[PDB]
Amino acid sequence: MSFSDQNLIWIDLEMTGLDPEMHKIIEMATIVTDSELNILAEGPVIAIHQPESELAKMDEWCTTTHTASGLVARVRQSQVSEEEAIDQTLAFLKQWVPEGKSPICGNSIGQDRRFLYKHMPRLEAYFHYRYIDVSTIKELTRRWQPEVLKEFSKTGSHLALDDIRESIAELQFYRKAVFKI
């Protein structure tokens, strides 16, 4: 409906660990905003099935985090593979943003892009090569006027959709708090 090459694709992944060569994607979510950060549509929220041997690579931090959130139980119950998750996500995105136009948007989104390169290259290809990393702005604010950061709080639940929603809210806060455009 509001299909435009100015729209922004927001994405978050949850993984069994930090190393793309070793670990696996267990959840994915996407959100599309317009260029002014108004949320236009939320994409598929997909817990991706992984066998126990892949879940068994998780360290204590990932095990407790993803178990307490209910994600591990959703992963075990899920019947959706990476390729099906890719198919679902691309069928969503093609309705809102053309291929190759939106930078990848999120918090420390470079780490997610590594997992996309390795495990979902067809989806990585959908993004423009640039990055919109909200944590870049967080870091500069911490150094230039850290007191600003006390006016914003994150829950940080590691549920992919809630975490992207918090990323958009964080950038919305910065536009009023540290930007003048």
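Residue numbers run from 1 along the displayed sequence.
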item	value
Entry-level comparison of average CA B-factors, 145-153 and 38-46, reporting the higher stretch	145-153
Comparing 136-144 with 112-120, the one whose average Cα B-factor in the PDB entry is higher	136-144
Position of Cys105 among the chain's modelled residues by C-alpha B-factor, lowest, middle or highest third	lowest
B-factor third for the C-alpha atom of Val80 within its chain	highest
Within-chain third of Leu71 by Cα B-factor, per the entry	lowest
